[PDB]
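Below is one structure; the comments refer to it alone.
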Amino acid sequence: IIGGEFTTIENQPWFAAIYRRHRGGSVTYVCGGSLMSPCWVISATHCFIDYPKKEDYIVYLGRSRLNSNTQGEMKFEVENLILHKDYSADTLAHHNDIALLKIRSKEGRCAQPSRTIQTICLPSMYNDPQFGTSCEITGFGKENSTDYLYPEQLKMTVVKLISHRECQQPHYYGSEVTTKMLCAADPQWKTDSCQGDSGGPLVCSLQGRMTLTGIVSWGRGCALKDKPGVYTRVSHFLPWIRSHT
Ligand SMILES: CC(C)[C@@H]1NCCc2ccc(NC(=O)c3ccc4cc(C(=N)N)ccc4c3)cc21
């Protein structure tokens, strides 16, 4: 996150920290995720497309720092890694960038809800918050575009949803942004998600209930003028999630 505020997992019960083991033994952070149901996590396909082995991943819940085992956390493994069957990556835009990771602990059980481990509701058919709505994003991603290390503590920030016609203007993303994607950004371009945040939650309070409306996907740079952050429009993929879970 660029700018924003430092927060602790208690505020983001449904945020999943996804890691990956390397030959030799080191473990680096990869991407974020959202707790769908006790046994499922949803993220982005571009965080696993290159190393499609369910065995190389680790998924943490209730973890507040990168190199610390926060009180009440749970360590998991990927029982099933399902990727959208039509994914492609262009110069900027990423298509069908949605993914399902069916988690499972060494003992064979799924997540166990608590004060620090919760789930968010999926959006419903054709019901997306209007443009200009404020929503939050979370991740252990960069705090600057020139840093190579991630913040040791979880961060969060708020942005505003941008209409589709406004995201297709020449000085924005032209025809690169498609109707199955959403755009969000700070009207002052000082705060925004960035590299390391991909796959993470974009939560909008829709008609009372906190809804998972977007999945961090792509964007030109981080917090750059007229260059919003593009997210995966969950509502569109409901039939996919349902039939695939
Ligand atoms: C190491 C890297 C090149 C990695 N390789 C596997 C394929 C692949 C695909 C996309 C990405 N994505 C990013 O690095 C990446 C970089 C910047 C991003 C910026 C925003 C945003 N400005 N809100 C929103 C999302 C962003 C995602 C990384 C990789």
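How things are named: the first chain in the structure tokens is A, the next is B, and so on; residues count from 1 in each chain; ligands count from 1 in the order shown.
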
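Using only C-alpha atoms, the contacts of residue A:70 at a cut-off of 12 Å, with sequence neighbours closer than 4 positions omitted, comprise residues 8, 9, 10, 60, 61, 62, 63, 64, 65, 66, 74, 75, 116, 153 and 154 of chain A.
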
With N, CA and C atoms retained, write the just-selected residues as a CSV table (one decimal), in the first residue's frame.
chain,number,residue,atom,x,y,z
A,8,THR,N,-3.8,-3.7,11.9
A,8,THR,CA,-3.5,-5.1,12.4
A,8,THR,C,-4.6,-6.0,11.9
A,9,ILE,N,-4.3,-7.3,11.7
A,9,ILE,CA,-5.3,-8.3,11.2
A,9,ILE,C,-6.6,-8.3,11.9
A,10,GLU,N,-6.8,-7.9,13.1
A,10,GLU,CA,-8.1,-7.9,13.8
A,10,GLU,C,-9.1,-7.1,12.9
A,60,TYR,N,-1.6,-18.2,5.3
A,60,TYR,CA,-1.8,-17.8,6.7
A,60,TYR,C,-3.0,-17.0,6.9
A,61,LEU,N,-3.7,-17.2,8.0
A,61,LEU,CA,-4.9,-16.4,8.4
A,61,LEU,C,-4.6,-15.9,9.9
A,62,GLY,N,-5.0,-14.7,10.2
A,62,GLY,CA,-4.8,-14.1,11.5
A,62,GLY,C,-3.4,-13.8,11.8
A,63,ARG,N,-2.6,-13.4,10.7
A,63,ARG,CA,-1.2,-13.0,10.8
A,63,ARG,C,-1.1,-11.5,10.5
A,64,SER,N,-0.6,-10.8,11.5
A,64,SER,CA,-0.4,-9.3,11.3
A,64,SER,C,0.9,-8.8,10.8
A,65,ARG,N,2.0,-9.6,10.8
A,65,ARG,CA,3.3,-9.1,10.4
A,65,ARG,C,3.9,-10.1,9.5
A,66,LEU,N,4.8,-9.7,8.6
A,66,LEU,CA,5.5,-10.5,7.6
A,66,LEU,C,6.4,-11.6,8.2
A,74,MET,N,-3.4,-19.3,12.0
A,74,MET,CA,-3.5,-20.6,11.6
A,74,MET,C,-2.7,-20.8,10.2
A,75,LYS,N,-1.8,-21.9,10.2
A,75,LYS,CA,-1.1,-22.1,9.0
A,75,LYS,C,-1.8,-23.2,8.1
A,116,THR,N,-10.2,-13.0,14.9
A,116,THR,CA,-9.2,-12.6,13.9
A,116,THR,C,-9.3,-13.4,12.6
A,153,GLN,N,4.8,-4.7,8.5
A,153,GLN,CA,3.4,-4.6,9.2
A,153,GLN,C,2.4,-4.4,8.1
A,154,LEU,N,1.2,-5.0,8.3
A,154,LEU,CA,0.1,-4.9,7.4
A,154,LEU,C,-0.4,-3.4,7.3

All strand (DSSP E or B) positions in stretch 8-119 of chain A, as a PyMOL selection string:
chain A and resi 15-21+27-37+40-43+57-61+65+74-83+88-89+94-95+99-104

Just want the 10 Å neighbourhood of stretch 158-163 of chain A, counted on only C-alpha atoms, with same-chain residues fewer than 4 positions away dropped. Output as an MDAnalysis selection string.
chainID A and resid 4:5 129:138 167:168 182:187 189 191:193 202:204 228:230

Throw together the list of residues within 6 Å of ligand 1, counting only C-alpha atoms and all ligand atoms, and drop it here as JSON, numbers by chain.
{"A": [46, 50, 192, 193, 194, 195, 198, 216, 217, 218, 219, 220, 221, 222, 223, 229]}

Please provide as a PyMOL selection string all residues within 7 Å of residue A:143, with the sequence filter that same-chain residues fewer than 6 positions apart are discarded (counting only C-alpha atoms).
chain A and resi 1-3

Output N, CA, C and O atoms for every residue in the selection just made, as a CSV table (one decimal), in the first residue's frame.
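Result file is result.csv:
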chain,number,residue,atom,x,y,z
A,1,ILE,N,0.8,-1.2,0.0
A,1,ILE,CA,0.0,0.0,0.0
A,1,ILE,C,0.9,1.3,0.0
A,1,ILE,O,1.8,1.4,0.7
A,2,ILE,N,0.5,2.2,-0.8
A,2,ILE,CA,1.2,3.5,-0.9
A,2,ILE,C,0.4,4.5,-0.1
A,2,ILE,O,-0.8,4.7,-0.3
A,3,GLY,N,1.0,5.0,1.0
A,3,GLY,CA,0.4,5.9,1.9
A,3,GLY,C,-0.5,5.1,2.9
A,3,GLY,O,0.0,4.2,3.5

Surrounding residues of residue A:93 excluding itself and chain neighbours under 4 positions, 7 Å, only C-alpha atoms, as a list in words
residues 89, 176, 177 and 218 of chain A

Selection: 8 Å around residue A:126, only C-alpha atoms, excl. self and same-chain fewer than 2 positions, as a PyMOL selection string
chain A and resi 124+128+235-236

Apply DSSP to the backbone of this structure and, from stretch 36-241 of chain A, keep only the residues in alpha helix (DSSP H); write these as a ChimeraX atom specification.
/A:164-167,238-241

List as a ChimeraX atom specification the protein and nucleic acid residues near stretch 101-104 of chain A, meaning an atom at most 9 Å away when only C-alpha atoms are counted, but skip any in the same chain fewer than 4 places from it.
/A:38-43,54,59,75-83,108-111,245

Provide the atom CA of residue A:7 to atom CA of residue A:155 distance in Å, to one decimal place.
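Rounded to one decimal, the two atoms are 5.2 Å apart.
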
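Candidate residues A:23, A:227, A:209, A:180 were compared for distance to residue A:96, and the nearest is A:180, using only C-alpha atoms.
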
Let me make sure I understand: among A:226, A:197, A:55, A:147, which one has the smallest atom-to-atom distance to residue A:17 if we use only C-alpha atoms?
A:197
